[PDB]
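Enquirer: Here it is, the structure in full.
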Amino acid sequence: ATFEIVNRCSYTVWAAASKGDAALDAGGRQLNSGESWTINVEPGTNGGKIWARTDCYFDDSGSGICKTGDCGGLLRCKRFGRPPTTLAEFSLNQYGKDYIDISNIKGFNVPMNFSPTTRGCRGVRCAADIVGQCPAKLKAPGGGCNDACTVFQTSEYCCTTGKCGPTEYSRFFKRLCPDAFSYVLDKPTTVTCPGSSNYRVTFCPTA
């Protein structure tokens, strides 16, 4: 499958794409305002994620730091990124279907649209100003809005026992972005697409 990742934000982002233990495609790339980067994702990929990183500095060998979404200091991510990260999540070719979603379970940093470029399913979007509105205790100094589990490390926020309810903090993400997971037992906003669809991830879709 083919993903076009386009950066509509007015700032530079460093896109990243990984399935947890390995990079998808090159795994990472600088995108200036307006730049598009297209990648090949192998069919059958389970739990691939795409996200943006902000205020990065890398050297010639591709080692550095990002204020949000850092993946162990590397330009080409092979593990997942440090929160806060708005997440495009996808599993492809699962019994002939593709499943996609946007997640705030690991916080928010960049508004995002996740849509197919082929026929037969809707896209999802989380484009509200969650950093501007972030509750005082969830603001990450590096920019962005942390999830409650990252901040507080309680069983209720992290849902570690498998049973948890919505929280004051998760209800905030759900109210600004209904189409995204706000906590791990949230009512699924997963969208089912024909298997082997193709997609576009757009950062800052509105402004």
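By order of appearance in the structure tokens: chains A, B, ..., then residues from 1 within every chain, and ligands from 1 in the order shown.
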Mind running segment 27-100 of chain A against segment 9-13 of chain A at 6 Å and telling me each contacting residue's nearest atom pair with the distance in Å (one decimal), counting only C-alpha atoms, chain and number ascending, as a tab-separated table?
Expert:
residue	atom	partner	partner_atom	distance
A:31	CA	A:13	CA	5.5
A:32	CA	A:12	CA	4.5
A:33	CA	A:10	CA	5.3
A:52	CA	A:13	CA	6.0
A:53	CA	A:13	CA	5.6
A:54	CA	A:13	CA	5.3
Enquirer: Would you list the contacts of segment 87-91 of chain A as JSON, numbers by chain, taking every protein, DNA or RNA residue within 7 Å and counting only C-alpha atoms, but skipping same-chain residues closer than 3 positions in sequence?
Expert: {"A": [45, 46, 47, 48, 49, 50, 51, 94, 98, 99, 100, 101, 102, 103, 104, 114]}
Enquirer: Tell me which of A:36, A:191, A:127, A:142 sits closest to residue 56 of chain A, counting only C-alpha atoms.
Expert: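 Closest residue, counting only C-alpha atoms: A:142.
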Enquirer: Near residue 24 of chain A, within 12 Å and counting only C-alpha atoms, which residues show up once chain neighbours fewer than 3 positions away are dropped, as a PyMOL selection string?
Expert: chain A and resi 1-3+15-21+27-29+38-43+45-51+76-80+90
Enquirer: Mind checking which residues fall within 12 Å of residue 206 of chain A, counting only C-alpha atoms, ignoring those fewer than 6 positions away in the same chain, and posting them as a PDB file with C-alpha atoms, in the first residue's frame?
Expert:
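Output file part.pdb follows:
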ATOM      1  CA  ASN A   7       2.629  18.632   5.591  1.00  0.00           C
ATOM      2  CA  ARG A   8       0.167  21.511   5.293  1.00  0.00           C
ATOM      3  CA  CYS A   9       1.357  23.128   8.549  1.00  0.00           C
ATOM      4  CA  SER A  10       3.223  26.402   8.274  1.00  0.00           C
ATOM      5  CA  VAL A 110      -0.113  18.129  15.429  1.00  0.00           C
ATOM      6  CA  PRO A 111      -3.649  18.187  13.939  1.00  0.00           C
ATOM      7  CA  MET A 112      -4.105  15.470  11.384  1.00  0.00           C
ATOM      8  CA  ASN A 113      -6.356  14.069   8.657  1.00  0.00           C
ATOM      9  CA  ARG A 125      -9.918  13.856  11.240  1.00  0.00           C
ATOM     10  CA  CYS A 126      -8.761  15.504  14.445  1.00  0.00           C
ATOM     11  CA  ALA A 127      -8.127  19.178  13.579  1.00  0.00           C
ATOM     12  CA  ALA A 128      -9.160  21.108  16.697  1.00  0.00           C
ATOM     13  CA  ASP A 129      -6.811  23.314  18.695  1.00  0.00           C
TER      14      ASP A 129
END
Enquirer: Identify all residues of segment 112-163 of chain A in strand (DSSP E or B) (DSSP on the backbone) and supply them as a PyMOL selection string.
Expert: chain A and resi 112-116+124-126+139+145
Enquirer: Distance atom CA of residue 92 of chain A-atom CA of residue 44 of chain A, one decimal place?
Expert: 5.0 Å
Enquirer: Segment 31-185 of chain A: which residues are alpha helix (DSSP H) by DSSP, as an MDAnalysis selection string?
Expert: chainID A and resid 130:133 148:152 155:158 168:176
Enquirer: Residues within 10 Å of residue 57 of chain A, please, as an MDAnalysis selection string. Count only C-alpha atoms; anything in the same chain fewer than 2 positions from it doesn't count.
Expert: chainID A and resid 14 54:55 59 62:67 73 75
Enquirer: How about saving the chosen residues, N, CA and C atoms kept, as a PDB file, in the first residue's frame?
Expert:
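Full text of again.pdb as output:
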ATOM      1  N   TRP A  14       8.848  16.587  11.098  1.00  0.00           N
ATOM      2  CA  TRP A  14       9.646  15.426  10.730  1.00  0.00           C
ATOM      3  C   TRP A  14       8.721  14.221  10.847  1.00  0.00           C
ATOM      4  N   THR A  54       8.079  17.457  16.075  1.00  0.00           N
ATOM      5  CA  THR A  54       8.262  18.897  15.970  1.00  0.00           C
ATOM      6  C   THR A  54       9.548  19.345  16.648  1.00  0.00           C
ATOM      7  N   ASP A  55      10.101  20.444  16.132  1.00  0.00           N
ATOM      8  CA  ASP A  55      11.343  21.036  16.620  1.00  0.00           C
ATOM      9  C   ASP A  55      12.409  19.969  16.836  1.00  0.00           C
ATOM     10  N   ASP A  59      21.956  15.560  12.976  1.00  0.00           N
ATOM     11  CA  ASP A  59      23.273  15.795  12.391  1.00  0.00           C
ATOM     12  C   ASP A  59      23.386  15.024  11.067  1.00  0.00           C
ATOM     13  N   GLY A  62      22.183  11.481  11.117  1.00  0.00           N
ATOM     14  CA  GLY A  62      20.781  11.292  11.447  1.00  0.00           C
ATOM     15  C   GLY A  62      20.464  11.047  12.910  1.00  0.00           C
ATOM     16  N   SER A  63      21.321  11.493  13.828  1.00  0.00           N
ATOM     17  CA  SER A  63      21.087  11.402  15.261  1.00  0.00           C
ATOM     18  C   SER A  63      20.759  12.782  15.820  1.00  0.00           C
ATOM     19  N   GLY A  64      19.762  12.852  16.698  1.00  0.00           N
ATOM     20  CA  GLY A  64      19.416  14.137  17.264  1.00  0.00           C
ATOM     21  C   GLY A  64      18.366  14.106  18.351  1.00  0.00           C
ATOM     22  N   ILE A  65      17.457  15.072  18.317  1.00  0.00           N
ATOM     23  CA  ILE A  65      16.448  15.221  19.356  1.00  0.00           C
ATOM     24  C   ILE A  65      15.231  15.885  18.731  1.00  0.00           C
ATOM     25  N   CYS A  66      14.050  15.512  19.201  1.00  0.00           N
ATOM     26  CA  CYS A  66      12.823  16.201  18.835  1.00  0.00           C
ATOM     27  C   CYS A  66      12.058  16.540  20.103  1.00  0.00           C
ATOM     28  N   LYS A  67      11.386  17.696  20.098  1.00  0.00           N
ATOM     29  CA  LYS A  67      10.636  18.109  21.276  1.00  0.00           C
ATOM     30  C   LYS A  67       9.323  17.349  21.448  1.00  0.00           C
ATOM     31  N   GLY A  73      16.038   9.319  19.305  1.00  0.00           N
ATOM     32  CA  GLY A  73      17.074  10.166  18.752  1.00  0.00           C
ATOM     33  C   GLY A  73      17.370   9.982  17.278  1.00  0.00           C
ATOM     34  N   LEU A  75      16.556   9.974  13.062  1.00  0.00           N
ATOM     35  CA  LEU A  75      15.772  10.522  11.965  1.00  0.00           C
ATOM     36  C   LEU A  75      14.855   9.457  11.387  1.00  0.00           C
TER      37      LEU A  75
END
Enquirer: Name all residues at most 9 Å from residue 159 of chain A (count only C-alpha atoms; drop same-chain ones fewer than 5 positions away) and give them as number ranges by chain.
Expert: A: 149, 154, 164-165, 183-185
Enquirer: Include N, CA, C and O atoms and write out the residues we just selected as an mmCIF file, in the first residue's frame.
Expert:
data_model
loop_
_atom_site.group_PDB
_atom_site.id
_atom_site.type_symbol
_atom_site.label_atom_id
_atom_site.label_comp_id
_atom_site.auth_asym_id
_atom_site.auth_seq_id
_atom_site.Cartn_x
_atom_site.Cartn_y
_atom_site.Cartn_z
ATOM 1 N N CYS A 149 -2.448 9.310 31.020
ATOM 2 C CA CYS A 149 -1.678 8.153 31.454
ATOM 3 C C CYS A 149 -0.191 8.460 31.437
ATOM 4 O O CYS A 149 0.539 8.079 32.355
ATOM 5 N N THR A 154 -1.344 6.114 36.467
ATOM 6 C CA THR A 154 -2.283 5.372 37.302
ATOM 7 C C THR A 154 -2.987 4.307 36.477
ATOM 8 O O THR A 154 -3.049 4.380 35.245
ATOM 9 N N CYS A 164 -11.475 0.179 32.835
ATOM 10 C CA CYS A 164 -11.292 1.587 33.133
ATOM 11 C C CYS A 164 -12.481 2.323 32.538
ATOM 12 O O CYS A 164 -13.193 1.800 31.677
ATOM 13 N N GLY A 165 -12.716 3.520 33.040
ATOM 14 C CA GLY A 165 -13.793 4.321 32.542
ATOM 15 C C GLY A 165 -13.218 5.558 31.914
ATOM 16 O O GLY A 165 -12.002 5.792 31.963
ATOM 17 N N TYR A 183 -9.240 7.250 25.064
ATOM 18 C CA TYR A 183 -8.694 6.384 26.100
ATOM 19 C C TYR A 183 -8.818 4.976 25.544
ATOM 20 O O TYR A 183 -9.435 4.768 24.498
ATOM 21 N N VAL A 184 -8.195 4.009 26.215
ATOM 22 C CA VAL A 184 -7.946 2.769 25.484
ATOM 23 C C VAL A 184 -9.228 1.949 25.331
ATOM 24 O O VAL A 184 -9.381 1.219 24.349
ATOM 25 N N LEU A 185 -10.181 2.067 26.249
ATOM 26 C CA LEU A 185 -11.441 1.355 26.082
ATOM 27 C C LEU A 185 -12.517 2.219 25.448
ATOM 28 O O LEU A 185 -13.704 1.925 25.613
#
Enquirer: So, counting only C-alpha atoms, which residue among A:207, A:158, A:130, A:193 is closest to residue 84 of chain A?
Expert: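 Counting only C-alpha atoms, the residue closest to residue 84 of chain A is A:130.
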Enquirer: I'd like the contact shell of residue 174 of chain A - 10 Å cut-off, only C-alpha atoms, skipping same-chain residues fewer than 4 positions apart - returned as an MDAnalysis selection string.
Expert: chainID A and resid 104 126 166 169:170 178:183 186
Enquirer: Selected residues, C-alpha atoms, written as a short mmCIF file (atom, residue, chain, number, x, y, z; two decimals), in the first residue's frame, please.
Expert:
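Everything below was put into part08.cif:
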data_model
loop_
_atom_site.label_atom_id
_atom_site.label_comp_id
_atom_site.auth_asym_id
_atom_site.auth_seq_id
_atom_site.Cartn_x
_atom_site.Cartn_y
_atom_site.Cartn_z
CA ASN A 104 -5.18 10.55 21.15
CA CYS A 126 -8.76 15.50 14.45
CA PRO A 166 -13.61 7.66 30.79
CA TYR A 169 -8.96 14.26 30.99
CA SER A 170 -10.08 11.84 28.29
CA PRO A 178 -14.89 12.78 18.57
CA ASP A 179 -13.40 10.75 15.68
CA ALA A 180 -10.27 9.84 17.70
CA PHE A 181 -9.69 7.41 20.54
CA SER A 182 -9.51 9.32 23.80
CA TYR A 183 -8.69 6.38 26.10
CA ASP A 186 -13.11 4.13 24.07
#
Enquirer: When you count only C-alpha atoms, which of these residues is closest to residue 69 of chain A: A:188, A:82, A:25, A:93?
Expert: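 Using only C-alpha atoms, the shortest distance to residue 69 of chain A belongs to A:82.
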Enquirer: Please, what distance in Å, to one decimal, runs between atom CA of residue 83 of chain A and atom CA of residue 151 of chain A?
Expert: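 That distance, rounded to one decimal, is 10.0 Å.
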